[PDB]
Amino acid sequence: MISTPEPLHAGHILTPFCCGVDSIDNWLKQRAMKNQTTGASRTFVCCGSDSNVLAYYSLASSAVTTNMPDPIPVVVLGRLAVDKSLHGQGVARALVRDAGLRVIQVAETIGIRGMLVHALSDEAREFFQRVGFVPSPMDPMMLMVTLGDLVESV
């Protein structure tokens, strides 16, 4: 059975994680623990029976601007992936909900106004649209949920 999303630490077992996208498997195994300690991003993991990561996603703080207006703080949803063992069962949708609830509970600290995600393929765009993200005016492969839509959704 899959544990509650918690911050990645050195006790989590990464090697067997396979979501079917090599680069996203590699990032978890090669870069995630380093990111976690340097504070580049914050990674959250679900575990199975033996501290083995079955799923993960990363959040980072970012800002949107133009051109000199004050940039808008946003949370960027980075990589998100589920072990193939758990595909087609609402786990990824539950990770997006987990991310959305984090964004709500932190939003007023530094004035987060929404959550963005960079779709890395047409497949990912379809998936992100399918759980409630919408294309941004900046880029059709850069999707968003407003803090307003998030808060009203709960």
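One-based numbering along the sequence shown.
**Asked** Per the record, how many residues of the deposited chain fall between residue 67 and residue 68 without being modelled: none, 1 to 3, 4 to 9, or 10 or more?
**Response** Gap between residue 67 and residue 68: 4 to 9 unmodelled residues.
**Asked** Do the C-alpha atoms of 29-37 or of 96-104 have the higher average B factor in the entry?
**Response** Mean B over CA atoms: larger for 29-37.
**Asked** 43-51 versus 57-65: which one carries the higher mean Cα B factor per the record?
**Response** Averaged over C-alpha atoms, the B-factors run higher in 43-51.
**Request:** Using the B-factors in the PDB entry, rank residue 141's C-alpha atom against the chain and give the third, lowest, middle or highest.
**Result:** Ranked within chain, residue 141 CA B lands in the highest tercile.
**Message:** Ranking the modelled residues of this chain by C-alpha B-factor as given in the entry, is residue 8 in the lowest, middle or highest third?
**Reply:** Lowest third - that is where residue 8 ends up once the chain's C-alpha B-factors are sorted.
**Prompt:** Against its chain's modelled residues, does residue 73's Cα B factor rank lowest, middle or highest third?
**Reply:** Residue 73: CA B-factor falls in the middle third of its chain.
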